[PDB]
Amino acid sequence: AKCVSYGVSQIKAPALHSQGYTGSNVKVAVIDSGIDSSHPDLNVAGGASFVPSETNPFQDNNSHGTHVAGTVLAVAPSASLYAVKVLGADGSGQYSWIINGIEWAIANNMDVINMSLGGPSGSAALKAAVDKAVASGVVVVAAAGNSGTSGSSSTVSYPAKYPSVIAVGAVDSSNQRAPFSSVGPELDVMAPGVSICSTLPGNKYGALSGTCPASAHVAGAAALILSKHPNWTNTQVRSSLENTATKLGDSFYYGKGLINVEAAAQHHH
């Protein structure tokens, strides 16, 4: 919205905006550090905190959840955001809190979950939660991780590494993989994640880099697609994103390539 970012153009979201599609009547759970609901550039429809030391989901003492929220709305200006707080101010949280946030999102009929987070190990309970959300029809998106490379090893974080999740890596403004962007066969798509200007807490704006902003673009893209195709299943939304991506190089580094929401939203299955 108020801070200009190249990322919205890069994924061809303006083509949907010109068609009149802005993610109307789509519920997106921002599973992160909260959202500063006081920010003039944001609107928050609901939410919940599972961080025992940080009980307000509508404040953000980390900044990432608020930044992610702004990127989702830059891509899908009409999306309904829900602040699902599972990370503290230091950007860490327990998997049980994260799972409680996913469970809340399922119970409250979210259309899209964005998880701008991950750890190097997952759990069976974490996999069961994302698999259940996907079985329930939710589009589940996660940041692939900022762990760079490890030779031929996967560095994709959990829960992005699980097959049911859309694992999002980060490119720069010229579609080059960002040096921090995690890699491996579990990587699904890329999106803009270098120096992305978005909302920060306390009526502020600023650039951040990471797979966190990249995931936000794909969560916004899912909302644009559902506004044009509200009947599409999560299966069909996911297919539309992966099958119409712009190929960028070896799938170990780039997955299917850069999301193209214009192409995805006119995909014929």
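Structure first, text after, so check above.
Read on for an overview of the structure. (Residues numbered from 1 in each chain as written, not as in the entry; some residues may be left out. Heavy atoms only, no water.)

1. Remarks on the environment of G137
Then comes step 1: You can see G137 is positioned in the loop between α5 (124-135) and β5 (139-143).
Then comes step 2: With a relative accessible area of 35%, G137 lands in the partly exposed category.
Then comes step 3: Expressed as a C-alpha distance, the spacing of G137 and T235, which sit 98 residues apart in the sequence, is 8.0 Å.
Then comes step 4: Residues contacting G137, with those up to four places away along its chain left out, are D111 and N234. (Helix = DSSP H or I, 4+ residues; strand = E, 2+ residues; numbered from the N terminus. Buried < 20%, exposed > 50% of the residue type's maximum accessible area, 1.4 Å probe, protein only. Contact = heavy atoms within 4.5 Å.)

2. Here we look at the layout of surface pockets
Once rolled over the atoms, a probe with the size of a water molecule shows which space is left empty.
Then comes step 1: Its volume calculated, the largest pocket comes out at about 320 Å³.
Then comes step 2: What lines the largest pocket is a set of 23 residues, and nearest its centre among them are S116, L117, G118, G119 and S157.
Then comes step 3: Residues of the lining of the largest pocket, tallied by class, amount to 8 nonpolar, 14 polar and 1 charged. (1 Å grid on protein atoms, 1.4 Å probe; cavity = no way out; pocket = protein on both sides within 12 Å on 5 of 7 lines; lining within 4 Å. Points joined across faces, edges and corners; volume = space filled by probe spheres on them. Nonpolar A, V, L, I, M, F, W, Y, C, P; charged D, E, K, R; others polar.)

3. Things to note about helix α7 (residues 234-243)
Then comes step 1: Listing the buried residues of α7 in full gives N234, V237, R238, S240, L241 and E242.
Then comes step 2: Buried residues along α7 sit against α5, β5, β6 (166-171), β7 (189-192), α6 (211-228) and α9 (261-264).

4. Some remarks on the sheet that holds strand β3 (residues 80-85)
Then comes step 1: On the basis of which strands lie adjacent, the open sheet formed by 7 strands has the order β2-β3-β1-β4-β5-β6-β7 and parallel pairing. The open sheet terminates on both sides in strands that have one partner only, identified here as β2 (44-49) and β7. Sheet twist, expressed as the mean angle between neighbouring strand axes with direction ignored, is 25°.
Then comes step 2: Note: β2 against β3, 5 bridges, orientation parallel. Paired with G46 across the bridge in β3 is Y82.
Then comes step 3: The strands touched by helix α3 (residues 64-75) are β1 (27-32), β3 and β4 (112-115); relative to β1, the strand with the most contacts, the crossing angle is about 155°. (Pairing = 2+ DSSP bridges. Axes fitted to C-alpha atoms, helices over the stretch in contact; angles between N-to-C directions.)

5. Some words on unusual backbone geometry
Then comes step 1: Residue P159 follows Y158 across a cis peptide bond; omega there is 10°.
Then comes step 2: As for its position among the elements, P159 is in the loop between β5 and β6.
Then comes step 3: Even without being a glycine, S63 presents a positive backbone phi close to 110°.
Then comes step 4: Counting through the fold element by element, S63 comes out in the loop between β2 and α3.
Then comes step 5: Looking at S63, the relative accessible area reads 16%, which means it is buried.
Then comes step 6: The backbone of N175 sits at a positive phi, close to 70°, despite the residue not being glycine.
Then comes step 7: As for its placement among the helices and strands, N175 is situated in the loop between β6 and β7.

6. Examining the packing of α3 against α6
Then comes step 1: Running from N to C, α3 and α6 point in directions that differ by 35°, and their axes come no closer than 8 Å. Of the two possible hands of crossing, α3 and α6 adopt the one that is right-handed. For the pair α3 and α6, contact is made by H64, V68, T71, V72 and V75 and by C212, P213, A216, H217, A219, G220, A221 and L224, respectively.
Then comes step 2: Grouping the constituent residues of the contact of α3 with α6 by class yields 9 nonpolar, 4 polar and no charged. (Left-handed = near helix turned anticlockwise from the far one by under 90°.)

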